[PDB]
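Trainee: Would you mind keeping the following structure in view while I ask a few things?
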Amino acid sequence: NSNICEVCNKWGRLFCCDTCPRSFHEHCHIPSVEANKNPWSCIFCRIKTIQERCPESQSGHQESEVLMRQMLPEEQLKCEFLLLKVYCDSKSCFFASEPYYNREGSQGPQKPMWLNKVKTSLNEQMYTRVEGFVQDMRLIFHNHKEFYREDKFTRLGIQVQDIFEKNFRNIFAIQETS
Ligand SMILES: [Zn+2]
Ligand SMILES: [Zn+2]
Ligand SMILES: [Zn+2]
């Protein structure tokens with residue numbers, strides 16, 4: 001197994017996957033690492049299995065159909081992965097915890113959103129459709145764009161949203177286009 005966390009790339013107290021060489025801090029993994037379960041498989045391994053059990057799952061999909069899907073166990077899982085994929089980028093540090101808004105010439109968002117809040121929402125089963133998860137994800141970056149305006153710090157929202165969107169297309173097998 002790896003000696004660093006797959007998500008944050010730091011050593012420390014790590015739980016090793018029994019079916020692949022990745023390791024995780026307790027709270028870096030989504031969902032949080034399960035107390036017992038021997039062997040244990042990580043979310044990378046659980047997502048792999050879904051594709052292997054239904055290879056047709058990787059044919060192209062329309063985003064509109066993906067969003068309207070109900071949050072049954074397999075969609076819940078894919079959203080937990082996608083979220084995890086964003087935390088693997090170090091730049092997610094800027095979007096992780098609750099932000100606050102006091103900049104000259106800007107006004108803060110009507111509806112503030114952050115990754116730890118999305119994380120909590122997923123864990124408490126507050127989304128009924130994929131749409132709800134993806135709306136809040138995108139809200140994160142959209143609030144950052146509007147707030148930071150022409151300050152170059154706005155690029156952090158573009159950068160991190162690109163990670164989100166690429167990984168959304170991958171994980172949910174969105175039909176490729178130009
Ligand atoms: Zn970690
Ligand atoms: Zn694994
Ligand atoms: Zn089949």
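Here's how to read the names in the structure tokens: chain A, B, ... by the order shown, residue numbers from 1 in each chain, ligand numbers from 1 in the order shown.
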Would you name the residues within 7 Å of ligand 2, counting only C-alpha atoms and all ligand atoms, and put them as a list in words?
Mentor: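 Protein and nucleic-acid residues within 7 Å of ligand 2: residues 17, 18, 19, 20, 21, 22, 41, 42, 43, 44 and 45 of chain A.
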Trainee: Please provide the set of residues having any atom within 9 Å of stretch 141-157 of chain A, restricted to only C-alpha atoms, with same-chain residues fewer than 4 positions apart removed, written as a list in words.
Mentor: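 Listing them by chain and then by number gives residues 91, 92, 94, 95, 101, 103, 106, 107, 108, 109, 110, 111, 112, 113, 137, 161 and 162 of chain A.
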Trainee: Please identify every residue of chain A that has at least one atom no farther than 9 Å from an atom of ligand 1, counting only C-alpha atoms and all ligand atoms, and for each give the shortest atom pair and the distance in Å to one decimal, arranged by chain then increasing number, as CSV.
Mentor:
```
residue,atom,partner,partner_atom_place_in_ligand_line,distance
A:4,CA,ligand 1,1 (Zn),7.7
A:5,CA,ligand 1,1 (Zn),4.6
A:6,CA,ligand 1,1 (Zn),6.6
A:7,CA,ligand 1,1 (Zn),5.1
A:8,CA,ligand 1,1 (Zn),4.1
A:9,CA,ligand 1,1 (Zn),6.2
A:10,CA,ligand 1,1 (Zn),6.0
A:11,CA,ligand 1,1 (Zn),7.7
A:12,CA,ligand 1,1 (Zn),8.2
A:13,CA,ligand 1,1 (Zn),8.9
A:14,CA,ligand 1,1 (Zn),8.1
A:23,CA,ligand 1,1 (Zn),8.5
A:24,CA,ligand 1,1 (Zn),5.6
A:25,CA,ligand 1,1 (Zn),4.6
A:26,CA,ligand 1,1 (Zn),7.7
A:27,CA,ligand 1,1 (Zn),7.2
A:28,CA,ligand 1,1 (Zn),4.6
A:29,CA,ligand 1,1 (Zn),7.5
A:88,CA,ligand 1,1 (Zn),8.7
```
Trainee: Ranking A:54, A:30, A:72, A:158 by minimum distance to ligand 3 and counting only C-alpha atoms and all ligand atoms, which one comes first?
Mentor: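 Using only C-alpha atoms and all ligand atoms, ligand 3 sits closest to A:54.
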Trainee: Within 12 Å of ligand 3, counting only C-alpha atoms and all ligand atoms: which residues, as a list in words?
Mentor: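 Based on only C-alpha atoms and all ligand atoms, ligand 3 is surrounded within 12 Å by residues 50, 51, 52, 53, 54, 55, 56, 57 and 58 of chain A.
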Trainee: Generate the output file for the selected residues, N, CA, C and O atoms, as a compact mmCIF listing (two decimals), in the first residue's frame.
Mentor:
```txt
# COMPACT_ATOMS: atom_id res chain seq x y z
N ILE A 50 -18.84 -1.21 -10.12
CA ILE A 50 -20.08 -0.81 -10.82
C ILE A 50 -19.91 -0.90 -12.34
O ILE A 50 -20.81 -1.41 -13.02
N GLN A 51 -18.79 -0.38 -12.85
CA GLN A 51 -18.47 -0.45 -14.29
C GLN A 51 -18.28 -1.87 -14.83
O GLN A 51 -18.68 -2.16 -15.96
N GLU A 52 -17.63 -2.71 -14.02
CA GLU A 52 -17.39 -4.13 -14.34
C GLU A 52 -18.68 -4.99 -14.32
O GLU A 52 -18.89 -5.84 -15.20
N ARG A 53 -19.54 -4.78 -13.34
CA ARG A 53 -20.87 -5.41 -13.29
C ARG A 53 -21.86 -4.98 -14.38
O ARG A 53 -22.75 -5.76 -14.72
N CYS A 54 -21.72 -3.76 -14.91
CA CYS A 54 -22.57 -3.27 -16.00
C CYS A 54 -21.74 -2.42 -16.97
O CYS A 54 -21.79 -1.18 -16.96
N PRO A 55 -20.96 -3.11 -17.85
CA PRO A 55 -20.10 -2.41 -18.84
C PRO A 55 -20.83 -1.39 -19.74
O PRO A 55 -20.21 -0.37 -20.12
N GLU A 56 -22.13 -1.65 -20.02
CA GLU A 56 -22.99 -0.71 -20.79
C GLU A 56 -23.18 0.61 -20.10
O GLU A 56 -23.54 1.56 -20.77
N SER A 57 -22.99 0.64 -18.75
CA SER A 57 -22.93 1.89 -17.95
C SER A 57 -21.91 2.94 -18.47
O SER A 57 -21.99 4.09 -18.10
N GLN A 58 -20.93 2.54 -19.29
CA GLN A 58 -19.93 3.49 -19.79
C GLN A 58 -20.25 4.04 -21.19
O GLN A 58 -19.55 4.95 -21.65
```
Trainee: Have a look at atom CA of residue A:98 and atom CA of residue A:160 and let me know their distance in Å, one decimal.
Mentor: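 Separation between atom CA of residue A:98 and atom CA of residue A:160: 16.6 Å.
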Trainee: Tell me which of A:130, A:31, A:86, A:40 sits closest to residue A:15, counting only C-alpha atoms.
Mentor: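 With only C-alpha atoms as the atom set, the closest residue is A:40.
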Trainee: I need the helix (DSSP H, G or I) residues of stretch 3-167 of chain A per DSSP on the backbone, written as JSON, numbers by chain.
Mentor: {"A": [43, 44, 45, 46, 47, 48, 49, 50, 51, 52, 53, 55, 56, 57, 58, 63, 64, 65, 66, 67, 68, 73, 74, 75, 76, 77, 78, 79, 80, 81, 82, 83, 84, 85, 86, 87, 90, 91, 92, 93, 94, 95, 115, 116, 117, 118, 119, 120, 121, 122, 123, 130, 131, 132, 133, 134, 135, 136, 137, 138, 139, 140, 141, 142, 143, 144, 145, 146, 147, 148, 152, 153, 154, 155, 156, 157, 158, 159, 160, 161, 162, 163, 164, 165, 166, 167]}
Trainee: Pick out the closest residue to residue A:47 from this set: A:68, A:61, A:170, A:177. Count only C-alpha atoms.
Mentor: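 Looking at the shortest contact to residue A:47, the residue is A:170.
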